[PDB]
């Protein structure tokens, strides 16, 4: 994984001092420093005709070097392309697939990716619409017993649990060609607006724990990536994954480095973390968690 502690992992108390020294504006300047880093990679597949329409946003391509390729294609319009990026996690290659909110014309691509990448957990940190603007397609059967066939992948909703700030949807993916079935858990976090931070870092971290627990549970029953998406799949997605990585490293090694995490993440899911507020949120969420956990 690109996410190794080195070379400047910080303890939680050093993180407190670091944030105190830099303050919000210093952290914002640090985010700008990240935004300016020489972008290593190309976006040719994203920009190819045929694939342009598969990008929700003209300004959010995905890197060639880390993209999730679709193998079992069908139909001229299904290229190997989905706007989806393999993302390392803490001590884990390809812990996530960061991807955009599926478009009607990429629903089937999305589920193909979920099938091919053996995904067990989908994390969605977007509503379908914000400001009456569609931000994500309704790419999964919303109501229990509802199903949608995406070619040879039939997705059936097995139940929806409505929690505080998120919804947990149990999906069956039935590969009807291979006669194979898999349960995928779909988590939709509802209180994290685009370009924003979650209303409560504690709610996000609890959600992170729920996601982790479900990933761990599903895996104990087979490591596949967790699909993490928002609308573009970069801002809230990068923030979610970065927080996850930092918290995981904090838990295991007592250290973290937000700047390293985000910088490295942006070499995999380009443009990860989309506002300085989200970048600052990573720090503040960690510090708030640290306080709540008596670590500081």
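Numbering follows the first chain given and starts at 1.
Per the record, residue 222 and residue 223 are separated by 4 to 9 deposited residues that have no coordinates. Looking at 70-78 and 117-125 together, the entry lists the larger mean B-factor for 70-78, computed on C-alpha atoms. Here 275-283 and 21-29 are compared by their mean Cα B-factor, and 21-29 comes out higher.
Looking at 105, 156, 188, 191, the one whose CA carries the top B-factor in the deposited record is 191. Based on the entry's C-alpha B-factors, the most elevated value among 91, 167, 209, 174 belongs to 91.
Per the deposited record, the Cα B-factor of residue 150 falls in the middle third when ranked against the other modelled residues of its chain. Among the modelled residues of its chain, residue 61 has a C-alpha B-factor that falls in the middle third according to the deposited record.
Looking at the C-alpha B-factors along this chain, the one for residue 84 belongs to the lowest third.
Residue 40: CA B factor in the highest third of modelled residues in this chain (values from the PDB entry). Sort the chain's modelled residues by C-alpha temperature factor and residue 218 lands in the middle third, per the entry.
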